[PDB]
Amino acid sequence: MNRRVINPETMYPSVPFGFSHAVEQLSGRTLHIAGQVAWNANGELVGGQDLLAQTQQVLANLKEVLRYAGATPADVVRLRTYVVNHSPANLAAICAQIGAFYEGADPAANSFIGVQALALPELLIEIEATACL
């Protein structure tokens, strides 16, 4: 509909990792969503020190900001994933969760970055998104 996904035969398969190599955006209106973080609406921390749990709250927050603006995850054109003290042992789970975030749609482009810190120590993952309308 709004976007078209590009996964070249000449490239390694990315969708097992929960992303597409590129998304073409043909629509004009773009929505830029700030980096989301494992906070509820009172700014309380969802998940404790479990990355997997925090990752769910982030996705939920993304989905909610999307909804509020009139979009769904299928409208997402690009993700960026920022993880604190990243360990390859959590990678599978994170890919699974981002893959599931698209609720069956082709996955957007992603970048997976292991950072040193987020805004506050309690924060373990941040995901930002771009979508079209």
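Heads up: residue numbers just count along the shown sequence, starting at 1.
- The question of which stretch, 24-32 or 37-45, has the higher mean Cα B factor is settled in favour of 24-32.
- For the set 94, 53, 79, 59, the PDB entry puts the maximum C-alpha B factor at 94.
- When the modelled residues of the chain are ordered by their C-alpha B factor, residue 133 lands in the highest third.
- For residue 108, the recorded CA B-factor ranks within the middle third of the chain. Only modelled residues enter the ranking.
- Ranked within its chain, residue 88 lands in the highest third, by CA B factor from the PDB record.
- In this PDB entry, the Cα temperature factor of residue 100 sits in the middle third of its chain's modelled residues.
- In the deposited entry, the Cα temperature factor of residue 123 sits in the bottom third of values across the chain's modelled residues.
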